[PDB]
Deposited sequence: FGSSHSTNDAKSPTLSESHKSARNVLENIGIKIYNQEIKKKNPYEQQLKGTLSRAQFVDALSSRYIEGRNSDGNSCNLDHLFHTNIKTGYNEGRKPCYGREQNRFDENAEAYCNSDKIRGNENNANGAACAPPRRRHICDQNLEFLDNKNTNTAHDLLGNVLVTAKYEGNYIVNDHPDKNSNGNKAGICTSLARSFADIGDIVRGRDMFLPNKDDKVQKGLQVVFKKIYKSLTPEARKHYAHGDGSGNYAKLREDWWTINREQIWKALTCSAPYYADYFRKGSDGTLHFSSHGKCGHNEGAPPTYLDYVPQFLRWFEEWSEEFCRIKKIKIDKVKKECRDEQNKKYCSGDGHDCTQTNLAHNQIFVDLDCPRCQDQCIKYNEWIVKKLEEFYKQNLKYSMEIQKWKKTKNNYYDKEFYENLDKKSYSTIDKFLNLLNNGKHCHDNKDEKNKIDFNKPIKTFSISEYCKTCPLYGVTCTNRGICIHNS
């Protein structure tokens, strides 16, 4: 079972465990004004009227999970990414095409209360969840589709960052979702009782919109998770492990849709860390798909096919005597190897960029005297071994998709980029003295 065997030291598990502590600190202090921010309105029913302008997925590209769906690591669309810095956060394709379109229509005479905003956010969650569930790579698995619940937790976390104004992705120069949200949140603040207005106020009397949006999220996150999981398959639950290996899980399917408190705390994990963890999992998952396509064009021992990356037929090639034989099937190995190497080269660059950004986020924590929303989280990473990039890279190695390689040669190790981002073994130059393939269906190295 990949679900049950996932390391208690996977980045997802370690980050979720710090996320729990952050969430706990945040809900420790009583907020007397909670109710003023409280909003009142395989797969199953998604009617919002039963269990509680424009639509959410319009204009958005689908195929978010395709092997060639690209991450965005450049500067114009990411806050904090600049052309003068190699260090960069990578917005995953799941984020890039998120179903947030309805939130671009919040600046209107109708959207004025916490209930009006919740309505819109539940509509976003329902649709985003519907897309994830209906296009997920595990949609047709015969096991409990835990993988879908994980992708939903990742979108739930991005939605929370959009709602809170912490999200780093800038879809275009207009920033309509954010501008709409700041208008709705100004109305909500004005609509509060004077005593609540002072609780959400800076020293100078001006509105503390950052704190107001944080508490709004915290207060409504449970209903938002319920909407997000409306279409979640019945036989799908969220699973996570504690530091001691204790298994934590939703109990009634649909990723905890019917259970109240969300089973996830990813919405309390810094966005950059969540994106890098998804980058690594999706890299390892996609790499397996790409290696298999390279193998079908390069090596088929049973059918006497043994090619090299140079398109040589290893069954008729002897590099030691300088005897090269290029048949008509092996040039296709060359073409698949060229294509695989371009993807690997692009992933290596994305990897170094996030590697640098990680160091920068850790350094920002060490040097920052003043407070910020991500400070306590980075304090906790430091308390554990994770101030070292090497210790954080071990967590990426431990991921569900990344750790799953029983073969010693092709084991994922982010601390050894040369081995992790190398050419496929099926692309290596012919063994020196050639290969002999028997009728048995196995090819042996000559001499």
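Student: Where along the deposited sequence are residues missing from the model?
Tutor: Coordinates drop out over 1-11, 53-71, 83-92.
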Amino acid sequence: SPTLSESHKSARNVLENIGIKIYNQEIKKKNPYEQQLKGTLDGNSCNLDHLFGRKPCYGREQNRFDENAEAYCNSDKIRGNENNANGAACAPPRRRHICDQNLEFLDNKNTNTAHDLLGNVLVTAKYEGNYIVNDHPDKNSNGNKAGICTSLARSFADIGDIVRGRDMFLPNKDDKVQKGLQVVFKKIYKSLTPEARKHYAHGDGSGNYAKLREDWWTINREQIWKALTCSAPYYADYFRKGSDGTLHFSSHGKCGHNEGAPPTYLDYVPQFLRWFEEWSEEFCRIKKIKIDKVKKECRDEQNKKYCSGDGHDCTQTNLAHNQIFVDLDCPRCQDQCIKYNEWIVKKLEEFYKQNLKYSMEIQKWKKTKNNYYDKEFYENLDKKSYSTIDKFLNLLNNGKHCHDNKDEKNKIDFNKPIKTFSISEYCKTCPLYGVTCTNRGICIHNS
From here on, numbers count along this sequence of modelled residues.
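Student: Averaging only over Cα atoms, indicate whether 397-405 or 26-34 has the higher B-factor in the PDB entry.
Tutor: Result of the comparison: 26-34.
Student: Out of 12-20 and 431-439, which stretch has the higher average CA B-factor listed in the record?
Tutor: Mean B over CA atoms: larger for 431-439.
Student: Can you pull the Cα B-factors for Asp215, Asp329, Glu281, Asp237 from the entry and say which is highest?
Tutor: The listed residue with the largest C-alpha B-factor is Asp329.
Student: Looking at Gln223, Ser191, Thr264, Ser243, which has the highest Cα B-factor in the entry?
Tutor: That would be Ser191.
Student: How does the C-alpha B factor of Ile412 compare with the rest of the chain: lowest, middle or highest third?
Tutor: Middle third by C-alpha B-factor.
Student: Using the B-factors in the PDB entry, rank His199's C-alpha atom against the chain and give the third, lowest, middle or highest.
Tutor: As the PDB entry reports it, the C-alpha B-factor of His199 lands in the highest third of its chain.
Student: Taking only the Cα B-factors deposited for this chain, tell me whether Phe421 sits in the lowest, middle or highest third.
Tutor: According to the entry, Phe421 has a C-alpha B-factor in the chain's lowest third.
Student: Lowest, middle or highest third of the chain for the C-alpha temperature factor of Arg64?
Tutor: Ranked within chain, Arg64 CA B lands in the middle tercile.
Student: Which third, lowest, middle or highest, does the C-alpha temperature factor of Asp100 belong to within its own chain?
Tutor: Middle third - that is where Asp100 ends up once the chain's C-alpha B-factors are sorted.
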